[PDB]
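Colleague:
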Amino acid sequence: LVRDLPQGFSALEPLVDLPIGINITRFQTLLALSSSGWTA
Amino acid sequence: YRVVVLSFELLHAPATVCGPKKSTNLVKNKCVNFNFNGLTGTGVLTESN
Numbered sequence: 212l213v214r215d216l217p218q219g220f221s222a223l224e225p226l227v228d229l230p231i232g233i234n235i236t237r238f239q240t241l242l243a244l254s255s256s257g258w259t260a
Numbered sequence: 508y509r510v511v512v513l514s515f516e517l518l519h520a521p522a523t524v525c526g527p528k529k530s531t532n533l534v535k536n537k538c539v540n541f542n543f544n545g546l547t548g549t550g551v552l553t554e555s556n
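The listed protein sequences derive, respectively, from chains C and A. Per the authors' numbering, the first sequence runs over residues 212 to 244, 254 to 260. For the second sequence, counting from 1, position 19 maps to 526 in the authors' numbering; every step adds exactly one.
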């Protein structure tokens, strides 16, 4: 399919757990990219 | 004297470091008492399909 958030069922196998224990409230992603022009 | 002091910090995070663990040979078709990695039970350990 092209763009629509697809309908259909799947699952999610685990990747990893980590003992961290920190105050968490927010998250931002990162994107690969020049500034005034690029190709993607 | 060269002195090394192994102090530690505990009781403020999930424990992460400690000693090794024992390992023994398995056996089948006999009522034994297994302790598989968290599971302490008794019975006969055959193989699976």
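Think of the CB as a built atom: it goes at the ideal place given N, C-alpha and C, for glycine as much as any other residue.
Within 8 Å of any Cβ in chain A, is that where the Cβ of C/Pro-225 sits?
Modeller: Answer no: the Cβ-Cβ gap between C/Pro-225 and chain A never drops below 8 Å.
Colleague: Mind listing the chain A neighbours of C/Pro-230? Cutoff is C-beta to C-beta under 9 Å, in chain order.
Modeller: Going along chain A in sequence order, the residues near C/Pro-230 (Cβ under 9 Å) are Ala-520, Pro-521, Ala-522, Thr-523.
Colleague: CB A/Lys-535 to CB A/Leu-517, shorter than 8 Å?
Modeller: The answer is no: Cβ separation not under 8 Å.
Colleague: Would you identify the three-state DSSP class for A/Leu-546, choosing helix, strand or coil?
Modeller: It is a strand residue.
Colleague: Does the pairing of the stretch 223-233 of chain C with the stretch 514-528 of chain A give three or more beta-carbon distances under 8 Å?
Modeller: Yes, since at least three Cβ pairs between the stretch 223-233 of chain C and the stretch 514-528 of chain A fall closer than 8 Å, the two stretches touch.
Colleague: Rounding to the nearest angstrom, what Cα-Cα distance links C/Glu-224 and C/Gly-257 in this structure?
Modeller: Approximately 38 Å, taken between the alpha carbons.
Colleague: Identify, in the order they occur along the chain, each residue of the same chain with its Cβ nearer than 7 Å to the Cβ of A/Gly-548, setting aside the five sequence neighbours on each side.
Modeller: Result list for A/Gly-548: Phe-541, in chain order.
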